[PDB]
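What's counted below: heavy atoms across the whole structure, side chains too, no hydrogens, waters or symmetry copies. Count residues from 1 along the sequence. Just follow the structure's listing: the first ligand is 1, and inside any ligand the first atom is 1.
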Amino acid sequence: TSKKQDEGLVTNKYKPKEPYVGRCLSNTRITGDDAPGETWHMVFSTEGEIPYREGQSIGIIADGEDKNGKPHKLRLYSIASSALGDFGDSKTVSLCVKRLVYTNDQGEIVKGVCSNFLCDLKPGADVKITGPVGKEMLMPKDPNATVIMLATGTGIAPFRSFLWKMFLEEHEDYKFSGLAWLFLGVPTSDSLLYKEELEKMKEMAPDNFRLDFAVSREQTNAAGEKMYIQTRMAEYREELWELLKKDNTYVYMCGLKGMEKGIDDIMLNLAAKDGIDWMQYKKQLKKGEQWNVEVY
Ligand SMILES: Cc1cc2nc3c(=O)[nH]c(=O)nc-3n(C[C@H](O)[C@H](O)[C@H](O)COP(=O)(O)OP(=O)(O)OC[C@H]3O[C@@H](n4cnc5c(N)ncnc54)[C@H](O)[C@@H]3O)c2cc1C
């Protein structure tokens with residue numbers, strides 16, 4: 001009754017009142033020095049106790065207390081590993097975490113509570129985990145699906161999870177034969193996430209995986225406009241539009257809230273040519289599980 005992989009789905013095994021206590025096994029900065037901020041890839045032990053799947057999130061409760069002396073409110077992070085984890089044994093989970101640092105209106109530097117806690121983790125440290133959480137970003141059941149994945153920044157996370165399942169693992173009950181197409185938008189080359197893994201998947205499975213980067217501070221269209229994800233999609237617009245008409249095409253979008261706006265402009269321009277109102281047609285595709293969005 002869903003087109004997505006929800007059979008036996010588990011949500012909310014661990015709740016904030018009694019989280020699962022994992023251990024940090026690894027934590028590595030995956031961005032270079034020429035990135036506006038730092039993004040970190042981290043691995044936690046789970047003892048096989050968190051039965052998550054591709055597209056789900058976990059909550060993290062940062063150590064310490066809020067200003068009223070209460071445990072910190074959980075923050076959600078899209079799981080960056082496949083169900084088996086990076087080590088193929090269902091005993092780890094990985095996150096892709098941007099360290100939040102900003103300057104407020106008074107001019108003071110503010111550090112995000114949970115993202116700085118996570119990026120500062122050392123191997124051996126305890127981590128309080130909740131979940132798994134979510135059903136919107138579950139993968140399509142159809143092993144022959146066209147899966148279009150639209151990511152900005154840490155929005156790559158659930159797509160790393162999908163792609164590990166599709167291309168880096170053997171699953172008797174899921175032999176991917178379709179077309180996975182990832183668009184990843186970041187500002188600089190040093191901000192690219194998982195470039196090596198992705199480019200290996202593309203060398204590995206060229207018939208089944210397409211990869212486009214949109215490096216906005218480095219690439220421009222014919223008019224000289226910055227190469228965001230939508231700018232890159234424009235170069236394949238008619239093909240993307242024809243793909244969307246098909247019953248086995250599924251679009252997923254993940255990352256920074258607001259990334260959906262420029263994408264909508266591309267889709268509006270495609271749809272209007274055919275006398276279709278994209279703002280109305282998008283609602284239909286969402287209901288049909290073919291337009292699946294998780295932005296934050
Ligand atoms: C479903 C889901 C999936 C997510 N997946 C990921 C992921 O894969 N990777 C990842 O890094 N994050 C992810 N996030 C975001 C994550 O949950 C946190 O919101 C993020 O890490 C920042 O939390 P923090 O505790 O560090 O910052 P906080 O200490 O919570 O500070 C952020 C808060 O500060 C306030 N604020 C005021 N001005 C600003 C400003 N200028 N900029 C920012 N905040 C401001 C706002 O109230 C804001 O909510 C996801 C969120 C959701 C909901």
Practice prompt. May I ask you to list the atoms of ligand 1 that are less than 4.0 angstrom from any heavy atom of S115?
Written response: 21 (O), 24 (P), 25 (O), 26 (O)
Discussion item. Can you check atom 4 (C) of ligand 1: any protein non-hydrogen atom closer than 4.0 Å?
Written reply: yes
Worksheet item: Looking only at heavy atoms, is any part of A62 under 4.0 Å from ligand 1, and if so is it the side chain, the backbone, or both, or is it neither?
Response: neither
Response to the item:
Ranked by distance from atom 11 (O) of ligand 1, the top protein heavy atom is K98 N, 2.9 Å
Practice prompt. Tell me which part of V113 gets within contact of ligand 1: side chain, backbone, both or neither, using heavy atoms under 4.0 Å.
Written response: both
Item to complete: Give yes if a backbone or side-chain nitrogen or oxygen of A157 is under 3.5 Å from a nitrogen or oxygen of ligand 1, and no if not.
Response: no
Practice prompt. Provide, to 0.1 Å, the distance between atom 31 (O) of ligand 1 and the closest protein heavy atom, together with that atom's residue and name.
Written response: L100 CD2, 3.9 Å
Item to complete: Say whether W40 and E38, considering side chains only, have a donor N or O and an acceptor N or O under 3.5 Å apart.
Response: yes
Practice prompt. Specify the protein heavy atom at minimum distance from atom 27 (O) of ligand 1: its residue, its atom name, and the distance to 0.1 Å.
Written response: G112 CA, 3.3 Å
Worksheet item: Heavy-atom distance under 4.5 Å between the side chains of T154 and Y296, does that happen here?
Response: yes
Discussion item. For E294, which part has a heavy atom under 4.0 Å from ligand 1: side chain, backbone, both, or neither?
Written reply: side chain
Worksheet item: Is the closest N or O pair between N116 and ligand 1 shorter than 3.5 Å?
Response: no
Worksheet item: Should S57 be counted as touching ligand 1, given the test is an N or O pair under 3.5 Å?
Response: no
Worksheet item: Are any of the N or O atoms of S78 closer than 3.5 Å to those of ligand 1?
Response: yes
Practice prompt. Apply ring-ring contact (aromatic ring centres under 6.0 Å, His included) to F183 and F213, showing your working.
Written response: CA-CA 6 Å; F183 292 80; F213 297 135; over 10 Å; no
Worksheet item: For atom 43 (C) of ligand 1, which candidate among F117, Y102, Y296 holds the nearest heavy atom?
Response: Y102
Worksheet item: Looking at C114, which atoms of ligand 1 are within less than 4.0 Å of one of its heavy atoms?
Response: 24 (P), 25 (O), 26 (O)
Worksheet item: Is atom 33 (C) of ligand 1 in close reach of the protein, with a heavy atom under 4.0 Å away?
Response: no
Worksheet, complete the sentence: In short, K128 meets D63 closest at the heavy-atom pair CE-OD1, 4.1 Å
Item to complete: Walk me through it: do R53 and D6 pass the test salt bridge (charged side-chain N to carboxylate O under 4.0 Å, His left out)?
Response: CA-CA 9 Å; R53 65 187 65 188; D6 72 350; over 6 Å; no
Fill in: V97-ligand 1 polar pair, N/O distance under 3.5 Å
no
Worksheet item: Does the protein put a heavy atom less than 4.0 Å from atom 46 (C) of ligand 1?
Response: no
Item to complete: Check each of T39, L163, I30, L184 against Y194 using the side chain to side chain contact (heavy atoms under 4.5 Å, CB included) test, and report the only one that passes.
Response: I30
Fill in: Short N-O contact, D264 and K282, less than 4.0 angstrom
yes
Worksheet item: Is any side-chain heavy atom of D86 closer than 4.5 Å to a side-chain heavy atom of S81?
Response: yes
Discussion item. Can you check atom 14 (N) of ligand 1: any protein non-hydrogen atom closer than 4.0 Å?
Written reply: yes
Item to complete: Answer yes or no: is there a side-chain heavy-atom contact under 4.5 Å between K175 and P143?
Response: no
Worksheet item: How far apart are the C-alpha atoms of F209 and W181, what are their side-chain angles, what is the distance that settles it, and do they pass the ring-ring contact (aromatic ring centres under 6.0 Å, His included) test?
Response: CA-CA 6 Å; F209 183 48; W181 194 344; over 10 Å; no
Worksheet entry | Any N/O pair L76/ligand 1 closer than 3.5 Å | yes
Item to complete: Name the closest protein heavy atom to atom 9 (N) of ligand 1, giving the residue it belongs to and the distance to 0.1 Å.
Response: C96 O, 2.8 Å
Worksheet item: Which residue holds the protein heavy atom closest to atom 30 (O) of ligand 1, what is that atom called, and what is the gap in Å?
Response: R75 NH2, 3.0 Å
Worksheet item: Which other residues belong to the hydrophobic cluster containing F87, where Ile, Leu, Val, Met, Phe, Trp and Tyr are joined when side-chain heavy atoms lie under 4.5 Å apart, directly or via other members?
Response: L25, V43
Discussion item. For the 3.5 Å polar cut-off, considering only N or O atoms, please tell me whether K111 and ligand 1 meet it.
Written reply: no
Worksheet item: Are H41 and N27 close enough that a side-chain donor and a side-chain acceptor fall under 3.5 Å?
Response: no
Worksheet entry | Cationic N near anionic O, under 4.0 Å, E197 to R160 | yes
Practice prompt. Would you mind checking if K202 and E199 are paired as a salt bridge, meaning a charged N to carboxylate O distance below 4.0 Å?
Written response: no
Worksheet item: Tell me, which protein residue and heavy-atom name are nearest atom 21 (O) of ligand 1, and how many Å apart are they?
Response: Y77 OH, 2.8 Å
